[PDB]
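Novice: There's a structure below that I have some questions on.
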Amino acid sequence: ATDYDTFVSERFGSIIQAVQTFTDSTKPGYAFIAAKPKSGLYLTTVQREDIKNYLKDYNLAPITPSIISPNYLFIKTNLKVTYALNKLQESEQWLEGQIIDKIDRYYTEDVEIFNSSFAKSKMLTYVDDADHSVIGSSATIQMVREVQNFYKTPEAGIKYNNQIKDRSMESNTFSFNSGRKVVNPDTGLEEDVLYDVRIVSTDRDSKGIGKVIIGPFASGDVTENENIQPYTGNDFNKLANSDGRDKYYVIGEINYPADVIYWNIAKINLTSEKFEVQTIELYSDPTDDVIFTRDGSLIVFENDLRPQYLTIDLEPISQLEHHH
Amino acid sequence: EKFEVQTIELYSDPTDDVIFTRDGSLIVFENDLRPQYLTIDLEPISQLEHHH
Amino acid sequence: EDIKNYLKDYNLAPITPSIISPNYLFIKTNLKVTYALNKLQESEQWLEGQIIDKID
């Protein structure tokens with residue numbers, strides 16, 4: 001870690017706020033250094049080529065350390081703060097600002113650091129701490145791993161470094177392109193029907209394993225031969241429809257206890273071409289309210305840039321027959 | 001007569017992230033004399049990096 | 001288990017080195033020492049001790 005990270009952390013301390021090295025058991029030979037810009041999220045490919053070009057500075061001929069951006073774990077927070085009407089001078093809009101700062105001040109200080117961790121109980125005491133009028137808060141978290149490629153998990157897998165619950169793992173939705181014509185003079189003569197779809201996990205087996213299955217289809221546009229046939233279990237979360245779509249299929253699988261997640265859309269004869277996205281986001285409920293980082297993973301609150309991962313509900317109180 | 005007891009306990013869980021006491025009501029914590037109203041389950045954690 | 005638990009101390013997540021006891025090769029020795037009566041003060045039992053130390 002610090003053996004080489006620190007140096008770098010000297011010649012570049014004006015940008016990078018977090019640097020640590022690690023190996024991949026598997027990508028033998030390769031040493032990577034994750035670095036987080038103090039100034040946001042991803043170092044720029046120019047900022048990255050400069051930093052790599054101090055590798056020559058310190059003479060090493062062997063292929064030498066790949067710099068790269070950190071594997072972020074995000075907390076989708078659903079915050080609720082109840083406050084006293086009397087004791088609150090400015091706008092609700094102000095108050096939010098006042099606390100959404102506190103959250104960040106906790107993250108920067110105690111969390112946004114390698115192998116340091118997020119404790120929901122701590123940041124809530126930060127929230128409480130934001131005004132002299134913030135009587136008490138509560139909070140509900142999710143974990144977000146932002147997936148680089150939707151089509152197949154890495155060679156190795158995707159892991160949260162944390163225990164999730166059953167059926168918990170679920171990506172967002174991405175358009176699948178069937179291939180049929182719609183024949184609609186509204187928009188010409190042909191739209192190419194494309195219905196949303198997601199990738200969810202099902203319940204632990206006898207032995208700790210689930211199945212990573214992929215959202216609703218219309219019989220025809222997925223070819224089934226004995227082997228590859230519709231999944232049947234109802235041990236997962238189906239999604240809102242308006243269409244006659246209820247045929248989910250099975251790729252990869254979740255090892256709940258070892259938290260590893262592998263899937264590969266290929267397991268059903270569907271080329272990347274068929275989906276109009278390239279990136280997705282995987283969510284899942286933690287088991288605990290204390291969540292952890294490990295090799296090159298970093299937990300981070302970047303809220304003016306990932307605002308989708310915080311929501312604040314306030315509850316103004318006076319006196320009082322009622323706060324819900 | 002058909003009931004062994006005299007006193008019982010009435011549990012509800014609030015919608016309140018804040019519980020209000022009020023008239024003659026009083027929120028108290030007497031663990032010694034009311035230990036039943038507190039269970040602590042600890043959990044120990046492995047150390048992280050010790051190496052540098 | 002103590003010694004293995006410095007493996008965490010120095011951070012490595014991969015399954016990391018198994019400590020274990022050495023594969024011993026032993027020499028069954030059948031020793032014979034001939035000594036001079038005159039020049040030996042203490043017991044034979046002593047002498048043995050004296051040499052069984054030297055071996056070690």
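How things are named: the first chain in the structure tokens is A, the next is B, and so on; residues count from 1 in each chain; ligands count from 1 in the order shown.
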Tell me which protein, DNA and RNA residues are within 12 Å of region 4-7 of chain C, counting only C-alpha atoms, leaving out same-chain ones fewer than 5 positions away, and put them as a list in words.
Specialist: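 My list of contacting residues is residues 46, 47, 48, 49, 50 and 51 of chain B; 12, 13, 14, 15, 16, 17, 18, 19 and 20 of chain C.
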Novice: Which residues are near residue 19 (chain B)? Cut-off 12 Å, only C-alpha atoms, ignore same chain within fewer than 2 positions. Put them as a ChimeraX atom specification.
Specialist: /A:82,135-137,317,320-323 /B:12-17,21-22,25-28
Novice: For chain C, which residue among A:22, A:198, A:3, A:252 is the nearest when counting only C-alpha atoms?
Specialist: A:22
Novice: If I take CA of residue 9 (chain B) and CA of residue 36 (chain B), how far is one from the other in Å, to one decimal?
Specialist: 11.3 Å
Novice: List as a ChimeraX atom specification the protein and nucleic acid residues near region 103-115 of chain A, meaning an atom at most 9 Å away when only C-alpha atoms are counted, but skip any in the same chain fewer than 5 places from it.
Specialist: /A:17-20,122-124,126-127,130,292-303 /B:48-49
Novice: Taking only C-alpha atoms into account, which of C:29, C:41, C:23, C:11 comes nearest chain B?
Specialist: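 Counting only C-alpha atoms, the residue closest to chain B is C:11.
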Novice: Could you name the residues that touch region 233-245 of chain A at 6 Å or less, counting only C-alpha atoms, but leaving out those on the same chain fewer than 4 positions away, as a ChimeraX atom specification?
Specialist: /A:167,202-203,216-218
Novice: Only N, CA and C atoms, please: the residues just picked out, written as a compact mmCIF listing (two decimals), in the first residue's frame.
Specialist:
# COMPACT_ATOMS: atom_id res chain seq x y z
N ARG A 167 -32.77 -12.06 -2.23
CA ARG A 167 -33.51 -11.37 -3.30
C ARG A 167 -33.08 -9.93 -3.41
N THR A 202 -32.14 -14.48 -6.53
CA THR A 202 -33.16 -15.23 -5.81
C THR A 202 -32.63 -15.72 -4.48
N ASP A 203 -33.46 -16.50 -3.78
CA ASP A 203 -33.21 -16.91 -2.40
C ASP A 203 -32.11 -17.97 -2.24
N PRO A 216 -37.99 -9.88 -17.40
CA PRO A 216 -39.12 -10.36 -18.21
C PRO A 216 -38.98 -10.32 -19.74
N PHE A 217 -39.39 -11.40 -20.40
CA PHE A 217 -39.36 -11.50 -21.85
C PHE A 217 -40.69 -12.01 -22.43
N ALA A 218 -40.81 -12.02 -23.75
CA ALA A 218 -42.06 -12.45 -24.41
C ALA A 218 -41.92 -13.77 -25.19
Novice: Under the rule that only C-alpha atoms are counted, which of A:40, A:307, A:220, A:188 is the nearest residue to residue 15 (chain A)?
Specialist: A:40
Novice: With distances taken over only C-alpha atoms, which residue among A:59, A:161, A:97, A:77 lies nearest chain C?
Specialist: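 Ranking A:59, A:161, A:97, A:77 by distance to chain C, first place goes to A:161.
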Novice: Given a cut-off of 7 Å, which residues of chain C touch chain B, counting only C-alpha atoms, written out as an MDAnalysis selection string?
Specialist: chainID C and resid 8:11
Novice: Under the rule that only C-alpha atoms are counted, which of A:120, A:145, A:132, A:48 is the nearest residue to residue 78 (chain A)?
Specialist: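 Using only C-alpha atoms, residue 78 (chain A) sits closest to A:120.
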Novice: Give me, please, the distance in Å between CA of residue 1 (chain A) and CA of residue 143 (chain A), quoted to one decimal.
Specialist: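 Rounded to one decimal, the two atoms are 25.3 Å apart.
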Novice: Skipping near chain neighbours, those fewer than 2 positions away, what residues fall within 9 Å of residue 87 (chain A) using only C-alpha atoms, listed as a PyMOL selection string?
Specialist: chain A and resi 83-85+89+132-134
Novice: Please list as a PyMOL selection string every residue within 10 Å of residue 51 (chain A), counting only C-alpha atoms and excluding residues in the same chain fewer than 4 positions away.
Specialist: chain A and resi 8+11-12+45-47+55+66-67
Novice: Can you pull out every residue from chain C that DSSP, working from the backbone, puts in alpha helix (DSSP H), and format the result as a VMD selection string?
Specialist: chain C and resid 44 to 55
Novice: Give me a file of those residues, with N, CA, C and O atoms, as a PDB file, in the first residue's frame.
Specialist:
ATOM      1  N   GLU C  44      30.380 -43.344  35.127  1.00  0.00           N
ATOM      2  CA  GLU C  44      30.047 -43.572  33.735  1.00  0.00           C
ATOM      3  C   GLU C  44      28.787 -42.800  33.415  1.00  0.00           C
ATOM      4  O   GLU C  44      28.687 -42.181  32.361  1.00  0.00           O
ATOM      5  N   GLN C  45      27.825 -42.848  34.333  1.00  0.00           N
ATOM      6  CA  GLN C  45      26.566 -42.122  34.178  1.00  0.00           C
ATOM      7  C   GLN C  45      26.821 -40.634  33.942  1.00  0.00           C
ATOM      8  O   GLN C  45      26.089 -39.977  33.197  1.00  0.00           O
ATOM      9  N   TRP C  46      27.870 -40.109  34.571  1.00  0.00           N
ATOM     10  CA  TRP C  46      28.243 -38.715  34.381  1.00  0.00           C
ATOM     11  C   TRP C  46      28.789 -38.494  32.991  1.00  0.00           C
ATOM     12  O   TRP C  46      28.299 -37.642  32.248  1.00  0.00           O
ATOM     13  N   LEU C  47      29.823 -39.264  32.656  1.00  0.00           N
ATOM     14  CA  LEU C  47      30.451 -39.201  31.339  1.00  0.00           C
ATOM     15  C   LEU C  47      29.413 -39.157  30.217  1.00  0.00           C
ATOM     16  O   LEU C  47      29.419 -38.234  29.405  1.00  0.00           O
ATOM     17  N   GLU C  48      28.517 -40.137  30.173  1.00  0.00           N
ATOM     18  CA  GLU C  48      27.432 -40.097  29.202  1.00  0.00           C
ATOM     19  C   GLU C  48      26.847 -38.694  29.118  1.00  0.00           C
ATOM     20  O   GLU C  48      26.912 -38.046  28.077  1.00  0.00           O
ATOM     21  N   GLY C  49      26.288 -38.223  30.226  1.00  0.00           N
ATOM     22  CA  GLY C  49      25.742 -36.882  30.280  1.00  0.00           C
ATOM     23  C   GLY C  49      26.670 -35.901  29.597  1.00  0.00           C
ATOM     24  O   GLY C  49      26.246 -35.098  28.769  1.00  0.00           O
ATOM     25  N   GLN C  50      27.952 -35.989  29.932  1.00  0.00           N
ATOM     26  CA  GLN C  50      28.938 -35.053  29.424  1.00  0.00           C
ATOM     27  C   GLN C  50      29.041 -35.077  27.904  1.00  0.00           C
ATOM     28  O   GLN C  50      29.274 -34.045  27.274  1.00  0.00           O
ATOM     29  N   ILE C  51      28.867 -36.251  27.307  1.00  0.00           N
ATOM     30  CA  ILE C  51      28.959 -36.354  25.853  1.00  0.00           C
ATOM     31  C   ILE C  51      27.608 -36.110  25.177  1.00  0.00           C
ATOM     32  O   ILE C  51      27.520 -35.385  24.175  1.00  0.00           O
ATOM     33  N   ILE C  52      26.554 -36.695  25.736  1.00  0.00           N
ATOM     34  CA  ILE C  52      25.208 -36.435  25.231  1.00  0.00           C
ATOM     35  C   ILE C  52      24.894 -34.940  25.218  1.00  0.00           C
ATOM     36  O   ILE C  52      23.962 -34.510  24.560  1.00  0.00           O
ATOM     37  N   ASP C  53      25.691 -34.148  25.923  1.00  0.00           N
ATOM     38  CA  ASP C  53      25.604 -32.702  25.777  1.00  0.00           C
ATOM     39  C   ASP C  53      26.327 -32.264  24.517  1.00  0.00           C
ATOM     40  O   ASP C  53      25.796 -31.476  23.730  1.00  0.00           O
ATOM     41  N   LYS C  54      27.538 -32.784  24.326  1.00  0.00           N
ATOM     42  CA  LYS C  54      28.351 -32.419  23.176  1.00  0.00           C
ATOM     43  C   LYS C  54      27.603 -32.693  21.893  1.00  0.00           C
ATOM     44  O   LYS C  54      27.627 -31.882  20.973  1.00  0.00           O
ATOM     45  N   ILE C  55      26.937 -33.839  21.824  1.00  0.00           N
ATOM     46  CA  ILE C  55      26.186 -34.163  20.624  1.00  0.00           C
ATOM     47  C   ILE C  55      25.209 -33.040  20.334  1.00  0.00           C
ATOM     48  O   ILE C  55      25.112 -32.566  19.207  1.00  0.00           O
TER      49      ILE C  55
END
